[PDB]
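In: part one of the complex, untouched from its place in the assembly:
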Amino acid sequence: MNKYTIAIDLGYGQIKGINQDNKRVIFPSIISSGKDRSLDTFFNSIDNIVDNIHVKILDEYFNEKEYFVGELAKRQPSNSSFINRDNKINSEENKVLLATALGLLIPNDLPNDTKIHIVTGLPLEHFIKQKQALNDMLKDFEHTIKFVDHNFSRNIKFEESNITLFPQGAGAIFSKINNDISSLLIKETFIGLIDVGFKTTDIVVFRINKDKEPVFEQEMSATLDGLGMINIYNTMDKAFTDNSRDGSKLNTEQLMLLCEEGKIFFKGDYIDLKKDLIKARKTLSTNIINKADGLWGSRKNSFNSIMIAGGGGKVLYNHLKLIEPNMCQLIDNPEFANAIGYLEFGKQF
Amino acid sequence: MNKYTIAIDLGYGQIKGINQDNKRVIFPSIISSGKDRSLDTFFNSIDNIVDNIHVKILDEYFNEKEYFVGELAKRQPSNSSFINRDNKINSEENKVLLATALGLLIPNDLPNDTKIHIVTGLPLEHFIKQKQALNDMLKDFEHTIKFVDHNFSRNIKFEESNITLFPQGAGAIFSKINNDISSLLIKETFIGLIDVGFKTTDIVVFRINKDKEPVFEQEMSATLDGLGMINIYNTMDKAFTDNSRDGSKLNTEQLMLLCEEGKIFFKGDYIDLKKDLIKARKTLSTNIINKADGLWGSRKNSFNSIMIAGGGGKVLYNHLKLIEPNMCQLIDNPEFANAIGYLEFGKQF
């Protein structure tokens, strides 16, 4: 047979991905130490493997460690703090999250003719800026996974001509909608793509030519580092200490429980910040419009399609609608548009 | 040895050039600053070198200033003005346009005893006026051009008796038709050449003598200063602001996009002004018919053929037909009539 293909996302909110065979996984970017589980196995059945990933990671050097990752690390109070996780792409913590989705997307008993073409990504301004460290790490990568409670290993090792990078959401509109939007693109019109993530937020536009082929705008597209969904979590934390006034702080779970709900269950009571929830949501999306028109002068008048994506874009649709109503819309998977955009435009390989 | 020859046109609509190979280049007269390009190479194509002219310029102090020019400069929001770009031929803006067309037309590794001829143009009412300023500038020219992201370079330095100054429209019908009009001309008549330039329209006529040689008449031929395609850009500019009723000013790109077609795209929908485009073209056509008859009394009634040139000569031909029907016609290259007219008449030396 031929060599296999995997597209995953290294997004700091939740690690996303979808393979060649349209199996997809998603889990928050939280890791923890792993400890052996037989007791809770007896009480509650682990029905979703992704729900309860306890994982061991092998190496030739014999430096294996058990890890709780994702949802199983989210229940941990001893997990990663996640509000200040470092953006070192070559870090050992990023090795845990990346090696997690590998065996999840590799089906059981693939032959040796199959070799995994990984397709991952960088931020837009960090694409050229942070290319070589991840190029070094994926060249460096040589491990073997071990699933606790499911008991099947995957030797994971990558040569060159098996790795592929693209910028964040590059093929999300260069592919995956580009056959669909051929009805809408006509002549010299900018289509708009916005990806609202946790740490960072990217807005990317493609100029089409007279020949109806898209071309990239590096001066009409940039990376909004420091503007993202993490600012809502940083605001709603400070609003909770404004609402509790004890000095008490939510943990890593209750903070991430808040900005989906707005009504935290604290001291047996619903400490409410519903007004401060919506105000922080109109805070962030308005701060995007200034950064949108910071790259968009009179050229906003030539737009024909505004698309938004990202998990933040799911919960800021009407908040970010005021860029251009009756034109802005929502992509089918706001979160998975990076990975499928890495998939379909990765199907050049 | 002999010296290689490149003919270029410094017309303000678009810069047009050709060398001894008959290799021809053409690009608009729009410049912008040079910005680093590594990201856009990963997205789209570079192979259209005319489309992507990022270019280093070494100066007499040999200090780099990068520039965008033409189509790459046209997509910039901070490009040159181009609607009131300076008419000074000694401008550093013109230093960008002059060296750029040379770099695409100097072949790789010419012989060392071969040097460079250049044949340029001046406006017909400005050739006596603006002769020695460009004669100073062409002799002062010592620069080194470096194509960014195509990566080949030329050190270009001229001396005296290498440059050649003719008026604009001098050799377009002196040469370039002399081998073809010999079956056309009869005796003691005039031929018609009207070069519809962008800012100024050039009108030139030749008397043929008894020996069937073109002799020039400066009293029946002059420059239409201020009359040209730049009036159509000014006319349809008001036509879009009056149709939008918003103060909606087009940029440099949309304005050239408008008067090419008349169907501008504006905020999700088209603003169609195809009707007023005919009215602006009938205006400029009438602006040439009446100014022709000032130079042409009943001496017009002794013509054999009328050719028209310029890029604006291409778009007017149906409404500029009514100067003289069944005698007016179009030259074979309305854009390249100047530079090829500079070329063969530059081969007199």
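Out: Thanks, I have the structure now. Numbers count the residues shown, from 1 in each chain, chains lettered A, B, ... in the order given.
In: show me what contacts whichever residue of the stretch 201-349 of chain A sits closest to chain B?
Out: In the stretch 201-349 of chain A, the residue that lies nearest chain B is residue A:216 (3.8 Å; C-beta to the nearest C-beta). For every residue, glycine as well, the C-beta is placed using N, CA and C. Residue A:216 makes contact with A:206, A:207, B:39, B:40, B:43, B:44, according to C-beta atoms under 8 Å, 6 or more residues apart in numbering or on different chains.
In: was I right about residue A:258 contacting residue A:238?
Out: No - in this structure, residue A:258 is not within contact of residue A:238 by C-beta atoms under 8 Å, at 11.7 Å.
In: for those two, indicate the residue with more neighbours.
Out: Ranked by neighbour count (other C-beta atoms under 10 Å in any protein chain shown), residue A:258 and residue A:238 place residue A:258 first, with 22 against 13.
In: flag every buried residue along the strand or helix carrying that one.
Out: Assessed by DSSP states H and E, residue A:258 sits inside helix A:252-261. Neighbour counts over helix A:252-261 (16 or more other C-beta atoms under 10 Å in any protein chain shown) mark A:252, A:253, A:255, A:256, A:257, A:258, A:259 as buried.
In: please apply the same query to stretch A:159-175.
Out: So, applying 16+ other C-beta under 10 Å, buried residues of stretch A:159-175: A:162-175.
In: out of these, which sit inside helices?
Out: Among these, the ones falling in helices (DSSP state H) are A:170, A:171, A:172, A:173, A:174.
In: run through those residues and flag the ones next to chain B.
Out: Among these, the ones lying near chain B by C-beta under 8 Å from any C-beta of the partner chain are A:170, A:174.
In: mind giving me the packing neighbours of the strand or helix carrying residue A:57?
Out: When elements are assigned from DSSP H and E, residue A:57 belongs to strand A:54-58. On a contact count with 3 or more C-beta pairs under 8 Å, 6 or more residues apart in numbering or on different chains; DSSP states H and E, strand A:54-58 meets strand A:65-69, helix A:92-105, strand A:142-147.
In: one more time with 10 Å, if that's ok
Out: strand A:65-69, helix A:71-74, helix A:92-105, strand A:142-147, strand A:153-157 (3 or more C-beta pairs under 10 Å, 6 or more residues apart in numbering or on different chains; DSSP states H and E).
In: next up, chain C:
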Amino acid sequence: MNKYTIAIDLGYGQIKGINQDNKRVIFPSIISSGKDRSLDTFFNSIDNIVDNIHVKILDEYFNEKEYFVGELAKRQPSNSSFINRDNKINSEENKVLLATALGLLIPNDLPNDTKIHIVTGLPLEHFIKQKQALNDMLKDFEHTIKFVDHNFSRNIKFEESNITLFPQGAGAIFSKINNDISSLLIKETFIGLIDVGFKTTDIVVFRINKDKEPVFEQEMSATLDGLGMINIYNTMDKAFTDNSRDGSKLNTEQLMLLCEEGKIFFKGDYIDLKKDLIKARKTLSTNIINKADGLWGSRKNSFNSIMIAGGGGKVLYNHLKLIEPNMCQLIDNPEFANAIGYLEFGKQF
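Out: So that you can see how it sits with the rest, here is chain C on the chains above:
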């Protein structure tokens, strides 16, 4: 700084060189003084500059010394001795011969700051011994060349980061077959490269690993000093005194003229030594294979392709076929095998 590239050789029989632009020269390594060529100038057209290298050479103390070098010096009776030539890489001979092919391959129209990466060579066994002396010499190099009878000159000076030092036969099969022998190299084999030069004979092998990467074996690879084409010229010279039966002896030009053909025209008639030319070339070919197997035991069975290099192997290929038939083969440019190998593997910088 788009720095230029020129790859040269220091071959005793002749100098082989090529630039970045794949312009290549070849000329014998024979020097003489320079004398005023104006008399022959009116007689015969001095057209081939490579045939007619009368060259003016300055130094740091501006001491101009004209030299006949190459083909014209070979025509001179008072030439370089060249069959007992000193092997000092820092010789004035090598100062001229290295500076010879520089200006013959330094192109026209170079930028002001742009330097040239020079790639050179050493004998393989002496690459440890003589690394300092050429690095002493290339750092020393500060001169100015000038070309008599072709009316152009070049500046010539280099520093470090422009120098590049790979041995003879190193990059010839490392690169230049790199993506072509990759389909031939499979697992745990050796590839054979033998340079049959004039004075020296090189043997170099490369173990390819499991990972399809060549690795070097210094103990299956050696420089056979004292074996080469210089034996055949010295053998047939005494044979010329034999078959002439008079004690008469050739000159240095007839020395290289003989064993290219074997039928020297002497005293109004040919002198036939064609039998001994077949004898000596088979005799040297016997001495190559035996000393090849001096480094090659049963590891000759671990070969998959043998290539030969140098000017001698081109005319020895029928008699050098006996190493391993249909596994041994001839490289396409037997002279320029080191040169292009110096080129692309010298293009790492």
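In: what packs on strand A:54-58 again please, this time with chain C.
Out: strand A:65-69, helix A:71-74, helix A:92-105, strand A:142-147, strand A:153-157.
In: which one of those lies nearest to residue B:212?
Out: helix A:92-105 (82.9 Å; C-beta to C-beta).
In: now do the buried residues in that closest one.
Out: Applying 16+ other C-beta under 10 Å to helix A:92-105 flags A:94, A:95, A:96, A:97, A:98, A:99, A:100, A:101, A:102, A:103, A:104, A:105 as buried.
In: the strand ranked longest in chain A: what's the following helix or strand?
Out: Criterion DSSP state E: the longest strand present in chain A is strand A:200-208. Going down the chain from strand A:200-208, the next helix or strand is strand A:214-216, by DSSP H and E.
In: and the nearest residue to residue A:2 once chain neighbours are set aside, what does it touch?
Out: Distance criterion C-beta to C-beta, 6 or more residues apart in numbering or on different chains; nearest residue to residue A:2, sequence neighbours excluded, is residue A:113 at 6.7 Å. Listed by C-beta atoms under 10 Å, 6 or more residues apart in numbering or on different chains, the contact set of residue A:113 reads A:1, A:2, A:3, A:4.
In: which one of the residues you listed is nearest to chain C?
Out: residue A:3 (16.0 Å).
In: and the closest one, how far from residue C:213?
Out: Using C-beta to C-beta, to the nearest Å, residue A:3 is found at 20 Å from residue C:213.
In: again with residue A:28
Out: 41 Å.
In: looking at those two, which is more packed in?
Out: Neighbours were counted for residue A:28 and for residue C:213 using other C-beta under 10 Å; residue A:28 has more, 21 against 11.
In: who's in contact with the more buried one?
Out: Counting by C-beta under 10 Å, 6+ apart, residue A:28 has contacts A:11-15, A:69-71, A:73-74, A:82, A:97, A:198, A:252-253, A:256.
In: for residue A:331, same thing?
Out: Residue A:331 neighbours (C-beta under 10 Å, 6+ apart): A:169, A:172-173, A:176-177, A:193-195, A:307-310, A:313-314, A:337, A:340-341.
In: ok, now residue A:291?
Out: With C-beta under 10 Å, 6+ apart, residue A:291 has these contacts: A:201, A:203, A:222, A:224, A:227.
In: okay, and the beta partners of the third one?
Out: To tie it back to what came earlier, the one meant is residue A:222. residue A:203 (DSSP bridges).
In: include chain D as well:
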Amino acid sequence: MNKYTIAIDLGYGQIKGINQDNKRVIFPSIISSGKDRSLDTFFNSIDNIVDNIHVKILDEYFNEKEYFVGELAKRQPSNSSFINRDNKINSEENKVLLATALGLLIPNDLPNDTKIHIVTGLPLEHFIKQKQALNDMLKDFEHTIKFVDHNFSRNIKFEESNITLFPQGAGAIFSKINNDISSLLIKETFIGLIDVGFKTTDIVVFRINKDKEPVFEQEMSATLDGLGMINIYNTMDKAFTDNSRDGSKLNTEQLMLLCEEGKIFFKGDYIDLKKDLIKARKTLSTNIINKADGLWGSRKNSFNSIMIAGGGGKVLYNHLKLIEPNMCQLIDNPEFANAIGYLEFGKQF
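Out: One more chain to add, chain D, which I have set with the ones above:
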């Protein structure tokens, strides 16, 4: 809008083409340089445009060359020598011939929003192997044609989903008889189709199923590369030189004239080679039957219809009948068997 349909063929013998309107053209696959035809215009009236295709074809950079092509090229002594047409599918020989019939088969003044489906083919073994080689060449096809002496231009540029790819001889029976031979096809037999091409004769078989539908066999069907009418031109070329006994060689035009007649005229005489023409036609027909039954065991008895095609099939039908009498019939248009088969099966899209 609605898109037109033109079916062409890239046959090395002669180009065969038809449109949606059944207006069909045929001309030999020979090109030559073009020269100014006005002297012959006055003597003989140019009526047949296909006889007299002098043509000039622009690129997208205003480079174009004069070309005689076809019968007009067969009158030229320095034309495409027709034994050495370029086997690269992206050759300029292919480029001019492809645009030739497309200039001839697009009627005048079609709407610009109405495109044209082009339907092509490849030899059967070379179809999938060279599919993307043609697929990029069809997308690269961007030209503008100009006919000398008839003076009507066509703009010619098509992308993907404007093209159509089915092999040589595939749709010849998969359409145009597949909905007509249903009285003859019953169950589990094989229909026979042999396209006798110039270079390559194709053998293709369709099995019919239980459900009275054709299914393809690839082990009973093959391309005979090097078997075709090109053997006869090569054979009789020796036969003329063996009968002349002088070394007098026929030209390209006398070659094709020979193996249509067998009686060339030569220096006041007919050099009779009719017997050698009998020798070639029985030999080639025997060679086709042998390679047919190489692919065919006792499944030759499982036949019900044997059709043949090609221009060679037009001139070998008696000798090629001897596979099976009363079953070896001839198709309607032996040249245009691919053409209408490309047309009607191209009407599926």
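In: mind redoing the contacts of residue A:216 now chain D's in there?
Out: With C-beta under 10 Å, 6+ apart, residue A:216 has these contacts: A:167, A:170, A:174, A:204-207, B:39-44.
In: of those, select the buried ones using a PyMOL command.
Out: This is how PyMOL selects the buried members of those, with burial counted by 16+ other C-beta under 10 Å:
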select buried, (chain A and resi 167+170+174+204+205+206+207) or (chain B and resi 39+40+43+44)
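In: of the contacts of residue A:216, closest to chain C?
Out: Nearest member of the contacts of residue A:216 to chain C, counting by C-beta to the nearest C-beta, is residue B:41, at 16.2 Å.
In: for the longest strand of chain A, name the packing helices and strands.
Out: With 3+ C-beta pairs under 10 Å, 6+ apart as the test, strand A:200-208 has helix A:125-129, helix A:170-174, strand A:190-196, strand A:214-216, strand A:222-225, helix A:274-294, strand A:303-309 packed against it.
In: quickly run through the sheet partners of the fourth one, with directions.
Out: By that I understand strand A:214-216. strand A:200-208 (antiparallel).
In: what's the closest of the contacts of residue A:216 to residue C:135?
Out: Nearest to residue C:135 among these, with distances taken as C-beta to C-beta, is residue B:41, at 37.0 Å.
In: near chain B, which residues of the stretch 151-300 of chain A are found?
Out: Contacts of the stretch 151-300 of chain A with chain B, taken as C-beta under 10 Å from any C-beta of the partner chain, map to A:165-167, A:170-171, A:174, A:186-189, A:204, A:206-207, A:209-210, A:213-221, A:295-300.
In: and with 7 Å instead?
Out: A:170, A:188, A:189, A:207, A:215, A:216, A:218, A:219, A:297, A:298, A:299 (C-beta under 7 Å from any C-beta of the partner chain).
In: count of residues packed around the fifth one?
Out: Right, residue A:215. Neighbours of residue A:215 using other C-beta under 10 Å come to 15.
In: next, count neighbours for residue A:201.
Out: 27.
In: who's in contact with residue A:30?
Out: A:70, A:73, A:74, A:79, A:80, A:82, A:252 (C-beta atoms under 7 Å, 6 or more residues apart in numbering or on different chains).
In: buried subset of the residues you listed, written for PyMOL?
Out: Selection of the buried residues among those in PyMOL, burial being defined by 16+ other C-beta under 10 Å:
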select buried, chain A and resi 70+73+74+79+80+82+252
